[PDB]
Amino acid sequence: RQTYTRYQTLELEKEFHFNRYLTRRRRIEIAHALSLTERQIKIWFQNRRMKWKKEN
DNA sequence: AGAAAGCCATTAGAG
DNA sequence: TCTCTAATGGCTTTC
C-alpha cells in the first residue's frame with residue numbers, strides 16, 4: 001500500500017471539484033504530473049465518488 | 001461482441 | 001487499539 005502525499009491528495013481533490021469523472025486524456029496527464037499509475041487515479045476517483053454519495 | 005470503466009462491499013496496511 | 005483509505009474482486013454498464 002502506498003500513502004499519498006498531501007500534495008498528491010490536494011491536486012486530486014482540486015480536480016474532483018471540477019470533474020467527478022475523468023477523461024482518458026485527463027487521467028493520463030494527472031497520472032504523470034503526480035507520478036501515480038492510471039490505475040491509481042482511476043481507483044482514487046472510484047473511492048472519492050463513493051465517499052461523496054455517502055458524505056453529501 | 002468485447003474491451004474498458006464504473007459501482008459496491010469489503011479487506012488490510014500505515015500512522 | 002483504532003482510524004482512515006489504498007486496493008481488491010465480482011458484477012454491471014458504457015462504447
Side-chain angles (χ1 to χ4, degrees):
Chain A
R1 158 202 269 253
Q2 178 175 160
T3 303
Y4 297 161
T5 64
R6 177 181 290 144
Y7 175 81
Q8 292 178 136
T9 297
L10 246 169
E11 288 305 297
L12 287 165
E13 201 97 26
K14 285 179 181 170
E15 185 75 23
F16 190 80
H17 175 92
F18 300 98
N19 330 288
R20 288 186 286 109
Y21 290 95
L22 288 193
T23 40
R24 164 139 201 189
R25 192 167 304 160
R26 190 52 178 139
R27 192 176 81 235
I28 299 178
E29 292 176 348
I30 297 196
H32 296 173
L34 277 24
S35 310
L36 296 177
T37 63
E38 290 182 50
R39 195 186 186 254
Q40 298 179 281
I41 304 304
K42 181 205 161 187
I43 298 166
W44 190 90
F45 273 86
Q46 229 155 244
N47 289 333
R48 190 54 181 85
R49 274 177 240 121
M50 287 303 100
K51 191 181 176 180
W52 187 95
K53 87 168 187 290
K54 299 182 297 181
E55 174 198 28
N56 208 204

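Sequence lines set the chain letters: A, B, ... in the order given, protein chains first and strands last, and positions in each chain run from 1. These values consider heavy atoms only, across backbone and side chains, with no hydrogens, waters or symmetry-generated copies.
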K.L.:
If you pin A:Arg1 and A:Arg27 to their nearest nucleotides in DNA chain B, which one's is more 5'?
P.N.:
A:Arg27
K.L.:
Whole-Å distance between B:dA5 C1' and A:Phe45 CZ?
P.N.:
14 Å
K.L.:
Quick check on contacts: within residues 48-56 of chain A, what sits under 4.0 Å from DNA chain B by heavy-atom distance?
P.N.:
A:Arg49, A:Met50, A:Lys53
K.L.:
Between A:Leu22 and A:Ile43, is there a shared hydrophobic cluster once you connect ILVMFWY residues whose side-chain heavy atoms come closer than 4.5 Å?
P.N.:
no
K.L.:
Can you measure A:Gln2 atom CD to B:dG13 atom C1' for me and round it to whole angstrom units?
P.N.:
13 Å
K.L.:
Report the C-alpha distance between A:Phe45 and A:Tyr21 in whole Å, list the side-chain angles of each, state the deciding distance to 0.1 Å, and finish with yes or no for side-chain contact (heavy atoms from CB on, under 4.5 Å).
P.N.:
CA-CA 7 Å; A:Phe45 273 86; A:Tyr21 290 95; over 6 Å; no
K.L.:
Side-chain contact, heavy-atom cut-off 4.5 Å: A:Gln40 with A:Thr37?
P.N.:
yes
K.L.:
Mapping A:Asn47 and A:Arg24 onto DNA chain B by nearest heavy atom, which one lands closer to the 5' end?
P.N.:
A:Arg24
K.L.:
Here's a test for you: under side-chain contact (heavy atoms from CB on, under 4.5 Å), which of A:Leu34, A:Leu12, A:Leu36 qualifies with A:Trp44?
P.N.:
A:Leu12
K.L.:
What nucleic acid atoms does A:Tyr21 come within less than 4.0 Å of, heavy atoms only: base, sugar-phosphate, or nothing?
P.N.:
sugar-phosphate
K.L.:
For A:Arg20, is there any backbone N or O sitting under 3.5 Å from a side-chain donor or acceptor partner on A:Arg49?
P.N.:
yes
K.L.:
In whole Å, what is the span from the CD atom of A:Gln40 to the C1' atom of C:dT5?
P.N.:
13 Å
K.L.:
Which whole-number value in Å describes the distance from A:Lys42 NZ to B:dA4 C1'?
P.N.:
7 Å
K.L.:
What is the distance, to the nearest angstrom, from the CZ atom on A:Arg6 to the P atom on C:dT5?
P.N.:
14 Å
K.L.:
Within the pair A:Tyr4 and B:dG13, is there a side-chain N or O less than 4.0 Å away from OP1 or OP2?
P.N.:
no
K.L.:
Please report the distance, rounded to the nearest Å, between CD in A:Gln46 and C1' in C:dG9.
P.N.:
11 Å
K.L.:
Same cluster or not: are A:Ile30 and A:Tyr7 linked, directly or through other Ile, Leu, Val, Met, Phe, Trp or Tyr residues, by side-chain heavy atoms under 4.5 angstrom apart?
P.N.:
yes
K.L.:
Output yes when a side-chain donor or acceptor of A:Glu29 lies under 3.5 Å from a complementary backbone atom of A:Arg26, and no otherwise.
P.N.:
no
K.L.:
Rounded to whole angstroms, how far apart are CD1 on A:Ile43 and P on B:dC7?
P.N.:
13 Å
